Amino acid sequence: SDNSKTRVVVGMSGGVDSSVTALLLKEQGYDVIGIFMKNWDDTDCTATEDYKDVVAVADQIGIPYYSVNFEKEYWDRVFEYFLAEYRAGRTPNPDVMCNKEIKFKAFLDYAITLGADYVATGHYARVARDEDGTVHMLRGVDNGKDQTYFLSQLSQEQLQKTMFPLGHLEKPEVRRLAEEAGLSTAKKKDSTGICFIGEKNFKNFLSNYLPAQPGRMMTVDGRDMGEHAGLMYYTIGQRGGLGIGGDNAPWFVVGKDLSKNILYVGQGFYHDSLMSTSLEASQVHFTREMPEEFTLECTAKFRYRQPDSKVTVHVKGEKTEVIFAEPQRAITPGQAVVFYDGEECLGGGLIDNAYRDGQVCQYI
């Protein structure tokens, strides 16, 4: 009856992570409520079979479960952001936006109306409380699944009401815990790609919302290489792609020019156009109150699947400058830059533009 006085609302997606998150919290004696969000209307439906799994699991462990719909909020705060990024020639990170605006804003206020003390999710991340009571976010110990990158926008006030029960676990353990508990989701494979596109063709999906305007593909010396399918189908640094058959060696996307509808391509993983020495970022947000203007010597991640690297960051309110210790490959406008201090995730922003020798890279 210690933890039984603490109500935790757990986001239950129907996956093995959230199923295990719920089981662990129940086992620790918390007052646990499972909640399924339907945030996307995808009918031939996807949400229907996942809700079945939420129900089967919630019943297996004996917790209440409910179902809430945030289609509107998700559309307005995530999907419009997603589309507007593409219109601007950038590459969005809808998950960052989703955590910031949905999982820890809409869902958190919702959970509070259920008398929740905390929300929990199956994110691979940790929260540590200070002596002072200040909460810090730490990388998940599973350094392949560590989701702090996507949680970079969370505020002190959100982290105060958050729990991450999987934070000290590695993915295979989560599956072992599920199997030993006999949870029906134990063997359920995780959905890949963005939630709302699911297992549908990406080009087809996006073209339902944005007009694709094929344009010209060029090498850096100006030689026309054919037609691309629309710039929003390519990202800085990508190997091959729609109509990139272009020598046997592969071609990469090495720049973009939205204003001429041009895709720049070139050979070599380390193509000189792919290298940067600094960036600017917007929407820079920290996990705690920071000064108006300050310098930081830390590490950063520019993409989810890379190790972090040394960085000087100069913050000045509306814009942030990031200087790389070492040249960086394929720094992508729209993606998240996330700052670390060893195991602590300090916060992050969205990349506006890359620079090499005091001149904006033609990335777009």
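When you see a residue number, it is the position in the sequence shown, counting from 1.
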Scan the PDB entry between residue 246 and residue 247 and report the missing deposited residues as one of none, 1 to 3, 4 to 9, 10 or more. 4 to 9
As recorded in the PDB entry, how many deposited residues are without coordinates between residue 44 and residue 45: none, 1 to 3, 4 to 9, or 10 or more? 4 to 9
The stretch whose C-alpha atoms carry the larger average B-factor in the entry, 197-205 or 113-121, is 197-205
So 187-195 or 94-102, which one's hotter by mean CA B-factor in the entry? 187-195
Residue 324 - which third its CA temperature factor falls in, relative to the rest of the chain: middle
Modelled-residue ranking by C-alpha temperature factor, third containing residue 296: highest
Position of residue 234 among the chain's modelled residues by C-alpha B-factor, lowest, middle or highest third: lowest
Ranked by Cα temperature factor within the chain, is residue 271 in the lowest third, the middle third or the highest third? middle
What third of its chain's C-alpha B-factors does residue 261 belong to: lowest, middle or highest? lowest
